[PDB]
């Protein structure tokens, strides 16, 4: 019986596969990390074949734990780290080089040039984005510039481009399907989010042949079926696709204008559904939330590049914590006056600053500052910048933001979420299942294959977790935020 759906969440540092039952309950899950490469400072790459390997692994892992047959999977939902770029040769099936991660700044020179040539307005008008190496466009250009013979192959139609979602579907169908959904495509800076198609003007500006591009479809429909061997003897429908942050938005039931969520992970991303209309997106990003039921819902996004990866830095860089989970224990033991500020903008400041020159900085240190204080400050950075983002959204959209739905692994930290609610002075509702990104992808796929009937049925399945209500006084929260603003301003001041 086809009573289950599988969601594959291809993350920045690990891949996950989760099998849900018709009640939206996790029956089985698997997670597997894959290699991270940093050839040069500011550069971040993944081997797309290794990513695929980690996905094969978690798919098997999920099946094993769940105990259900592959034939019982009604559909597959695919969600992934966005922007990350893979360019592969369709005559060999092999990537022409490592994929370039959304975190990478290796293509910044190309982005800078685009700005110098005055294309900022053009890009925004068409893509809703700011020119930055964060998006796919310049990563594709970088690959075509630096991989010998690649431009010629691209010009002759032998090369294909794909964000991770497209790469996975390509692998699952052995190239018989080269597709991407509106949400993932909108993150490429090559897609016109208004006319809903790859933007030829942008393509020509970056000399990117349209033959490299996948078809762009909605976020909920049968894109194709897996090759039998790819899914253990079953040709399962691949029916849901969405960028991870948009998947989380969907999973949070943020279906109406104003509904907003934040996912705390490697990075943190605040996304608000703005309805079928893209008004003001100053200092933020206008992007596509998802397309379903013949309609397209836009969103406003504030991107915080370094959040959880700041903890990885404490573990691998400073070797201050041994294990990432420890940060939770350490931060909770902090006795300092919470006057230490860490602005872990290792790769530049994200929204609403979008200052690519800023680097990581720390402030308020004293002889009495402990490891616990330091760890706490590092963890709180995401909470502060999230406020920067949310306040910017209030100003841009004019709509009040009384409630913030949150998810993501780092949202497990009660101390952090309470702090988030305290400084924002608004309610912070945590999802019962932190892997809401996967849930959203599952919902998308389920909807497409008739596993679930409509959005309303998804709402009925809604299961909320702990609600965090403001507990901090205005004087205190304001003083705390004032210090953060001072720290960020000082960070931007240092431009050596």
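Residue numbers count along the first chain shown, from 1.
Colleague: Among the other entries of this protein that model both neighbours of residue 374, is it absent from at least a third?
Modeller: It is not, since residue 374 is included in all of the other entries that model both flanking stretches.
Colleague: So residue 234 is built in this one, but is it left out in a third or more of the other compared PDB entries that include its neighbours?
Modeller: Counting only entries that model residues on both sides, residue 234 is unresolved in at least a third of them.
Colleague: How much of the deposited sequence is absent from the coordinates between residue 278 and residue 279: none, 1 to 3, 4 to 9, or 10 or more residues?
Modeller: Unmodelled stretch: 1 to 3 residues, a short break.
Colleague: Averaging C-alpha B-factors over each stretch, which comes out higher, 437-445 or 38-46?
Modeller: The stretch with the larger average C-alpha B-factor is 38-46.
Colleague: Taking the mean of the C-alpha B-factors per stretch from the entry, tell me the winner out of 241-249 and 352-360.
Modeller: It is 352-360.
Colleague: Have a look at 218, 113, 166, 103 and flag the one whose Cα has the highest B-factor in the entry.
Modeller: Result of the comparison over 218, 113, 166, 103: 113.
Colleague: Of the options 260, 299, 330, 382, which has the highest CA B factor as deposited?
Modeller: Highest CA B-factor of the listed options: 330.
Colleague: Would you mind ranking residue 339 by its C-alpha B-factor against the rest of the chain and naming the third, lowest, middle or highest?
Modeller: Highest third - that is where residue 339 ends up once the chain's C-alpha B-factors are sorted.
Colleague: Could you place residue 232 in the lowest, middle or highest third of its chain by Cα temperature factor, using the values in the record?
Modeller: Within its chain, residue 232 is a highest-third residue by C-alpha B-factor, going by the deposited values.
Colleague: Would you please rank residue 394 by its C-alpha temperature factor against the other modelled residues of its chain and give the third it falls in: lowest, middle or highest?
Modeller: Highest third of the chain for residue 394's C-alpha B-factor.
Colleague: Using the temperature factors of the C-alpha atoms in this entry, rank residue 31 within its chain: lowest, middle or highest third.
Modeller: Within its chain, residue 31 is a middle-third residue by C-alpha B-factor, going by the deposited values.
Colleague: Comparing against every modelled residue in the chain, figure out the third that the C-alpha B-factor of residue 70 lands in (lowest, middle or highest).
Modeller: It belongs to the highest third of the chain when residues are ordered by C-alpha B-factor.
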